[PDB]
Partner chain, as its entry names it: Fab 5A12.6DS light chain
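Take a look at this single chain, the form solved without its partner chain, given in structure tokens.
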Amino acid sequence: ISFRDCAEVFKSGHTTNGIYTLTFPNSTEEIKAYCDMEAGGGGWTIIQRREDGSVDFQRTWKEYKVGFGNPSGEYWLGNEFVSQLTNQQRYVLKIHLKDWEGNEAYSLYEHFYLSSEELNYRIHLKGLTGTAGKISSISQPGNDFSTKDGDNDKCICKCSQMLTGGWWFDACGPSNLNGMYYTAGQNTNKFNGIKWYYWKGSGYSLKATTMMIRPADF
């Protein structure tokens, strides 16, 4: 069969990590997503993952909307799907980070959702906890989503063109998990890298990241 999200997949008995087929909320169109079932309680739908620098994240508004990459590795699932889902019910957002020294951390938001494309997939976050900072690394009141061909930030600049990747930039902001991938011998001092200010700072480019969602009622 097919499911609404990875939470439905796990609750239905499929408790192993892997690619599953989700279905869009009011229709039959389907989409593949990676499900993390063996960490943090499982039932997690991965919406973004970086782990090796294999995928180019300097994509268009359209690409960020429908999603790109491969679910078996690094990818972005799709803004449209995530918007539809997160406006179905209350979802939590978990952001897991890994540095090049073997350390890890995460930020958890009690409520997360994206507005329709009409409001530029503006992000909405509430209730931060976790080990990756006391202050949210994602600007807060959420900003519109910005891309190479979509300047929707609050900067007298083009944050996406200056830092690379699509993100909810402000006057850029303390984060960008979709920035340039830098390996261990060159991840220090890089402002266009993969950053989460309140854990490793603005110059430290991370080894791996994952953004995943799961309903609050899980």
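Residue numbers count along the first chain shown, from 1.
- A summary of the deposited B-factors shows that, of 96-104 and 119-127, the stretch with the larger mean C-alpha value is 119-127.
- Higher average CA B factor: 18-26, of the stretches 18-26 and 204-212.
- The residue among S175, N189, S54, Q48 whose C-alpha carries the highest B-factor in the deposited model is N189.
- Taking the deposited Cα B-factors for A171, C35, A184, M180, the highest one is held by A171.
- When the modelled residues of the chain are ordered by their C-alpha B factor, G150 lands in the highest third.
- In the deposited entry, the Cα temperature factor of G133 sits in the middle third of values across the chain's modelled residues.
- Ranked by Cα temperature factor within the chain, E8 sits in the middle third according to the deposited record.
- Among all modelled residues in its chain, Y198 ranks in the middle third by Cα B-factor.
Just so you know, the form solved in complex with its partner chain exists too; it's not on screen, but the next bit is about it.
- Screening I31, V66, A39, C157 for any heavy atom within 4.5 Å of its partner chain in the bound PDB entry leaves a single hit, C157.
- Think of it this way: in the bound PDB entry, its partner chain has a heavy atom of just one of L177, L163, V55, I46 within 4.5 Å, and the residue is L163.
- Here the chain stands alone, but in the bound PDB entry its contact with its partner chain, taken as any heavy atom within 4.5 Å, falls in 163-171 among 66-74, 23-31, 163-171, 46-54.
- Using a 4.5 angstroms limit between non-hydrogen atoms, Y204 is distant from its partner chain in the bound PDB entry.
- In the bound PDB entry, its partner chain sits within 4.5 Å of a heavy atom of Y197.
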